[PDB]
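J.: Chains as they are written, first to last, in this note's numbering: chain G, 49 to 462; chain E, 615 to 868.
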Amino acid sequence: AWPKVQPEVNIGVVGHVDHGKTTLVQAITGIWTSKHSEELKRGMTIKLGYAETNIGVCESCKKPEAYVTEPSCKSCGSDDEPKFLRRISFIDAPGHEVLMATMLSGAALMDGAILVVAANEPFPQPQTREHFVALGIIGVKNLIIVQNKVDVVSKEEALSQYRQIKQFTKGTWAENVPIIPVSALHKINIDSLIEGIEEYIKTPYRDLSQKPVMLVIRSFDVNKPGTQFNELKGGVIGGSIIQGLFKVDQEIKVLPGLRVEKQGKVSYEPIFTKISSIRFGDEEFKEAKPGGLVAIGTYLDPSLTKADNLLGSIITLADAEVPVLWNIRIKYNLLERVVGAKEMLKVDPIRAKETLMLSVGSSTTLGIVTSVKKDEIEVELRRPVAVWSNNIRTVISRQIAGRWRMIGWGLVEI
Amino acid sequence: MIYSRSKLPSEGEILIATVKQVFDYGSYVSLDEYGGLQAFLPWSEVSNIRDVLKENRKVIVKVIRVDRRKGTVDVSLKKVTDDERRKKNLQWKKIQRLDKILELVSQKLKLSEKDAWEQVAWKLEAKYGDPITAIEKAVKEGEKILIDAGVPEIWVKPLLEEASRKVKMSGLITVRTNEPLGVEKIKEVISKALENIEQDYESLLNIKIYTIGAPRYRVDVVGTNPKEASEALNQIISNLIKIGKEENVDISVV
RNA sequence: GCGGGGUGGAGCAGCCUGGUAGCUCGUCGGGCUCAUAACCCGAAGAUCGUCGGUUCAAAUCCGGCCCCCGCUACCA
Ligand SMILES: Nc1nc2c(ncn2[C@@H]2O[C@H](COP(=O)(O)OP(=O)(O)NP(=O)(O)O)[C@@H](O)[C@H]2O)c(=O)[nH]1
Ligand SMILES: [Mg+2]
Ligand SMILES: [Mg+2]
């Protein structure tokens with residue numbers, strides 16, 4: 049029987065509306081990423097979800113149907129137990145435009161990407177540009193392109209869109225991102241899809257040397273309605289680890305965490321605690337290694353953490369130090385066109401006192417600029433962001449008709 | 615039901631009665647005073663009226679005639695004034711709430727009414743006030759009030775219980791915490807609070823403390839005594855407060 | 001936790017304290033006025049969500065159930 053190994057790789061599942069995204073993660077895992085009632089009741093992706101699975105290959109059978117993700121080989125007709133490789137998970141993003149910023153969080157976490165295109169929508173849909181440039185600003189050039197729902201669209205139209213998207217590949221960072229045809233519901237060609245994730249998207253070389261940082265994405269009060277005071281568990285903060293690792297009873301701080309009132313003005317309080325639990329899905333590990341969202345509950349009160357309060361915050365070692373600056377400088381190079389836009393106008397350069405949106409790792413902010421230079425800016429924020437490295441990948445947007453569409457790429461010089 | 619200490623009502627004293635029947639030359643009324651005595655209200659002593667001489671109305675009547683030889687009485691509904699009926703109806707309301715508490719406790723403890731009102735009404739009558747007060751003070755300073763009057767502890771706690779074999783009463787408490795062991799410390803304020811209530815406020819049945827929001831919680835006081843509910847509710851939320859307000863935990867009730 | 005609303009064209013009364021299904025805007029007819037609005041009078045309209053128990057006898061005491069629901073959230 050098959051070992052119990054935490055995921056060592058994340059993959060971004062991004063794409064536009066109705067493309068077959070959540071159904072793709074169902075095709076790979078067997079489970080969906082709609083977890084808040086509104087997500088089902090509206091039938092569209094609003095927030096980022098989670099899903100997990102393994103990978104085993106039958107050394108005897110041919111490719112690729114034997115590439116099944118359970119301790120079995122029966123789909124290729126073999127009796128042998130396949131060779132295990134890993135446990136693989138994903139970041140299921142939205143397609144909507146008022147909801148784009150969210151997936152940007154996940155863009156800083158994924159170690160891969162499977163990007164979908166609609167055979168059954170007019171191509172290129174506007175927001176597809178915004179996903180592609182999201183991957184390009186964050187810089188995960190490792191991409192597997194797929195055309196979806198092929199059961200209603202004929203094989204010639206599939207070929208025409210395949211030529212369109214083979215073209216979409218050439219001329220950019222993605223000259224050789226491949227196209228492997230699958231359908232997310234009927235479980236077709238998903239074996240070749242797993243083979244594609246494997247071959248073309250390998251987990252990076254890990255750096256277990258830098259200060260272990262945990263990038264918050266979600267959090268919950270697991271204390272159920274009716275929880276009496278005897279069995280009170282701490283509030284879980286879930287994310288993914290990128291550099292370092294976490295252990296049982298590690299002394300940490302949540303940064304920034306809470307707001308408190310300080311010195312006649314506003315400020316934040318660094319949230320100190322001891323690590324009490326670290327979960328990967330439905331398996332209990334005592335250590336957390338990089339690759340895949342890692343949920344850590346601690347000795348913190350879940351009132352501070354329930355309902356995605358701290359969204360995107362960072363957490364580091366309680367003997368660490370990170371620059372927390374209320375007003376941050378940015379080297380920003382502006383996009384050449386507005387990518388998710390139905391009609392791509394020009395970029396109107398950013399003038400003083402304007403309002404702009406930032407996503408730093410997973411944390412988000414609104415800000416107004418105070419000193420406008422051509423490439424360098426110093427922007428005053430409504431909350432200081434935690435900049436754990438030099439020139440971190442922030443993603444920046446200006447508001448268009450009520451939809452904050454991106455305007456450039458920025459670097460915080462600390 | 616009301617059981618008193620004497621046979622026939624006083625001479626000239628005013629009281630209340632429940633009109634049982636009416637015949638052509640008088641009426642049968644039932645005085646709730648001495649086990650429900652049957653008095654003959656004559657039409658010479660009476661006086662819209664269809665509502666005061668009803669089938670089962672409680673009226674305020676005054677006793678004029680008494681006969682200890684045969685043991686009969688003659689009362690009057692008219693010979694009440696307005697400056698008597700007020701205080702007499704007020705005492706009647708006290709005695710009716712007392713009927714409530716004692717009949718409900720004797721219906722719980724499978725006891726009867728006779729011995730009941732011999733132990734409550736008249737062993738507490740040495741204490742000034744209508745016995746409604748004789749437990750209204752038993753609930754504020756301590757249960758030893760009923761012990762002081764000389765009654766056995768067979769109405770004391772059980773009649774203390776039933777009034778106003780389990781009862782549901784609760785509240786909602788709002789808690790914030792900032793410590794590094796904030797969860798251990800909220801369990802600490804809880805498991806320093808719910809300690810030694812059962813001795814200051816005596817034997818009850820069940821208490822529980824749980825959550826209804828993320829910072830908005832719920833505490834239980836469910837025992838034989840709702841007439842001890844708030845006493846066992848309020849201060850105990852306080853025994854969280856009093857301990858929260860020394861362990862860096864903000865604790866209050868909604 | 002499981003519980004509530006079950007009733008004229010409607011809006012809700014109306015329980016425990018059992019024998020008029022109750023009052024109001026509406027509906028058609030008649031009065032008053034030179035004529036219209038307001039005001040007075042008369043009839044028509046659910047016959048209580050439904051089986052069942054209590055009950056001489058039930059919106060009225062409640063249970064079984066059919067419908068509408070209803071205070072409520074991913075539980076690493
Ligand atoms: N036939 C077929 N239906 C599919 C497939 N994928 C999804 N669907 C169905 O088609 C509808 C739209 O697809 P959807 O699952 O929303 O894809 P999506 O890209 O995740 N949409 P979003 O991210 O906005 O929530 C849904 O009813 C879904 O069940 C597929 O591969 N084939
Ligand atoms: Mg989706
Ligand atoms: Mg008229």
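The beta-carbon is built from N, C-alpha and C at its ideal position, and this holds for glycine as well.
Just to confirm my understanding: we take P371 of chain G, look at its own chain, exclude 5 residues before and 5 after, and list those with CB closer than 8 angstroms. What are they?
T.: By one-based count along the first sequence, residue 371 of chain G stands at place 323. Closer than 8 angstroms at the Cβ level, and outside the excluded window around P371 of chain G, lie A434, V435, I462.
J.: Would you please verify whether the beta carbon of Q276 of chain G is less than 8 angstroms from any beta carbon of chain E?
T.: Position 228 of the first sequence, counting from 1, holds the residue named residue 276 of chain G. Yes, contact with chain E.
J.: At a cut-off of 7 angstroms, would you count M151 of chain G as near ligand 1, judging by its Cβ distance to the nearest heavy atom?
T.: Here residue 151 of chain G corresponds to residue number 103 of the first sequence, with the count starting at 1. Answer for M151 of chain G: no, Cβ out of range of ligand 1.
J.: If you follow the alpha helix (DSSP H) that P273 of chain G is part of, which residue opens it and which one closes it?
T.: On the first sequence, residue 273 of chain G is found 225 positions in, with the first residue counted as 1. Segment: none, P273 of chain G is in no alpha helix (DSSP H) and carries neither H nor E.
J.: Ligand 2 and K197 of chain G: does any heavy atom of the ligand fall closer than 7 angstroms to the residue's C-beta?
T.: The residue you call residue 197 of chain G lines up with position 149 of the first sequence. Not so, every heavy atom of ligand 2 lies at least 7 angstroms from the Cβ.
J.: Round the Cβ separation of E426 of chain G and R377 of chain G to the nearest angstrom and send it over; I've been treating them as touching at under 8 angstroms.
T.: The count along the first sequence starts at 1 and reaches residue 426 of chain G at position 378. The count along the first sequence starts at 1 and reaches residue 377 of chain G at position 329. Yes, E426 of chain G and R377 of chain G are in contact; Cβ-Cβ is about 5 angstroms, under 8 angstroms.
J.: Please determine whether the Cβ atom of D140 of chain G lies at a distance below 7 angstroms from any heavy atom of ligand 2.
T.: Taking the first sequence and counting its residues from 1, the one referred to as residue 140 of chain G is at position 92. Flag set: Cβ of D140 of chain G near ligand 2.
J.: Just to make sure I have the definition right: I need the residues of chain E whose C-beta is within less than 8 angstroms of the C-beta of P273 of chain G. Which are they?
T.: The sequence position of residue 273 of chain G within the first sequence is 225, counting from 1. In chain order: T825, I826.
J.: In chain order, what are the residues with a CB under 5 angstroms from some non-hydrogen atom of ligand 1?
T.: Residues with a Cβ closer than 5 angstroms to any heavy atom of ligand 1, in chain order: G:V65, G:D66, G:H67, G:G68, G:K69, G:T70, G:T71, G:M92, G:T93, G:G143, G:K197, G:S231, G:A232, G:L233.
J.: Going by the CB atoms, is the gap between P829 of chain E and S351 of chain G shorter than 8 angstroms?
T.: Stepping through the first sequence from its first residue, residue 351 of chain G is reached at position 303. Stepping through the second sequence from its first residue, residue 829 of chain E is reached at position 215. Contact flag set, yes.
J.: Quick one: what's got a C-beta closer than 7 angstroms to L191 of chain G's C-beta in the same chain, skipping five residues either side?
T.: Against the first sequence, residue 191 of chain G aligns to sequence position 143. The answer, listed in chain order, is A161, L163, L183, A222, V225.
J.: What residues in the segment 802-817 of chain E bring their beta carbon closer than 7 angstroms to a beta carbon of chain G?
T.: Under the 7 angstroms Cβ criterion, the segment 802-817 of chain E contributes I804.
J.: Is there contact between the segment 330-344 of chain G and the segment 252-265 of chain G, where contact requires at least three CB pairs shorter than 8 angstroms?
T.: As far as the Cβ criterion goes, the segment 330-344 of chain G touches the segment 252-265 of chain G, which means the pair count is three or higher.
J.: Taking the beta strand (DSSP E) that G640 of chain E falls in, what are its first and last residues?
T.: In the second sequence, the residue the question calls residue 640 of chain E occupies position 26. 640-645 is the span of the beta strand (DSSP E), which, as asked, contains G640 of chain E.
J.: Which residues mark the beginning and the end of the beta strand (DSSP E) in which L655 of chain E is found?
T.: Here residue 655 of chain E refers to the residue found at position 41 when the second sequence is read from its first residue. Counting along the chain, the beta strand (DSSP E) containing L655 of chain E begins and ends at 651-655.
J.: Taking a cut of 7 angstroms between CB atoms, which residues from the segment 337-352 of chain G lie near chain E?
T.: Answer in chain order: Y347, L348, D349, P350, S351.
J.: Whose Cβ in chain G lies nearer than 8 angstroms to the Cβ of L622 of chain E?
T.: On the second sequence, position 8 is the one that residue 622 of chain E refers to. The premise fails here: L622 of chain E is roughly 59 angstroms from chain G at the closest Cβ pair, so nothing lies under 8 angstroms.
J.: Could you check whether the Cβ of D269 of chain G sits closer than 8 angstroms to any Cβ belonging to chain E?
T.: Taking the first sequence and counting its residues from 1, the one referred to as residue 269 of chain G is at position 221. It does: the Cβ of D269 of chain G has a partner Cβ on chain E nearer than 8 angstroms.
J.: What number of angstroms, rounded off, separates the C-alpha of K693 of chain E from the C-alpha of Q635 of chain E?
T.: As a working note, residue 693 of chain E is residue 79 in the second sequence. As a working note, residue 635 of chain E is residue 21 in the second sequence. Each residue's alpha carbon lies about 20 angstroms from the other.
J.: Would DSSP call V770 of chain E helix, strand or coil?
T.: Your numbering for residue 770 of chain E matches position 156 in the second sequence. Reduced to three states, the DSSP call for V770 of chain E is helix.
J.: Out of curiosity, what's the CA-to-CA distance linking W657 of chain E and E627 of chain E?
T.: Position 43 of the second sequence, counted from the start, is the residue given in the question as residue 657 of chain E. Position 13 of the second sequence, counted from the start, is the residue given in the question as residue 627 of chain E. The straight-line gap from Cα to Cα measures roughly 20 angstroms.
J.: Under 8 angstroms, Cβ to Cβ, is there at least one residue of chain E near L393 of chain G?
T.: Translated into positions along the first sequence, residue 393 of chain G becomes position 345. Not an interface residue.
J.: Check whether the segment 272-282 of chain G and the segment 134-148 of chain G are in contact - that is, three or more C-beta pairs closer than 8 angstroms.
T.: Counting Cβ pairs under 8 angstroms, fewer than three are found: no touch.
J.: Using a cut-off of 7 angstroms between C-beta atoms, extract the partners of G796 of chain E located in chain G.
T.: Here residue 796 of chain E refers to the residue found at position 182 of the second sequence. By Cβ distance, chain G contributes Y347, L348, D349.
J.: Check for me: the beta strand (DSSP E) holding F328 of chain G runs from which residue to which?
T.: On the first sequence, position 280 is the one that residue 328 of chain G refers to. Where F328 of chain G is concerned, the enclosing beta strand (DSSP E) stretches over 313-328.
J.: Label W50 of chain G either buried or exposed according to how many other C-beta atoms from any shown protein chain fall within 10 Å of its C-beta, with 16 as the threshold for buried.
T.: Counting from one through the first sequence, the residue named residue 50 of chain G turns up at place 2. With fewer than 16 other Cβ atoms within 10 Å, it is exposed.
J.: Report yes or no: do the segment 133-140 of chain G and the segment 54-69 of chain G share at least 3 C-beta pairs separated by less than 8 angstroms?
T.: The segment 133-140 of chain G vs the segment 54-69 of chain G: in contact.
J.: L404 of chain G lies in the beta strand (DSSP E); which residues open and close that run?
T.: Position 356 of the first sequence, counted from the first residue, corresponds to residue 404 of chain G. Taken as a continuous stretch (DSSP letters only), the beta strand (DSSP E) holding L404 of chain G covers 403-408.
J.: Taking DSSP's pairing of strands, which residues face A182 of chain G in a bridge?
T.: In the first sequence, the residue the question calls residue 182 of chain G occupies position 134. Answer is none; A182 of chain G lacks a bridge partner.
J.: Going by CA-CA distance only, name the one from G:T77, G:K322, G:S437, G:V264 that's closest to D349 of chain G.
T.: Within the first sequence, the letter at position 301 stands for residue 349 of chain G. The residue with the shortest Cα to Cα distance from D349 of chain G is G:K322.
J.: Would you say the segment 841-855 of chain E touches the segment 742-759 of chain E, given that touching needs at least three Cβ pairs under 8 angstroms?
T.: Flag = yes, the segment 841-855 of chain E and the segment 742-759 of chain E touch.
J.: My output table needs one value for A161 of chain G: the three-state DSSP class, helix, strand or coil.
T.: Indexing the first sequence from 1 puts residue 161 of chain G at position 113. Correct three-state label for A161 of chain G: strand.
J.: So, helix, strand or coil for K310 of chain G, using DSSP?
T.: To locate residue 310 of chain G, count along the first sequence from 1; it is residue 262. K310 of chain G falls in the strand class under three-state DSSP.
J.: For chain G, find out if any of its Cβ atoms is closer than 8 angstroms to the Cβ of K822 of chain E; answer yes or no.
T.: Residue 822 of chain E sits at position 208 when you count from the first residue of the second sequence. Closer than 8 angstroms: yes.
J.: Based on Cα-Cα distance, which residue from G:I300, G:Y115, G:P229 lies nearest to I362 of chain G?
T.: Position 314 of the first sequence, counting from 1, holds the residue named residue 362 of chain G. For the residues G:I300, G:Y115, G:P229, the minimum Cα distance to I362 of chain G belongs to G:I300.
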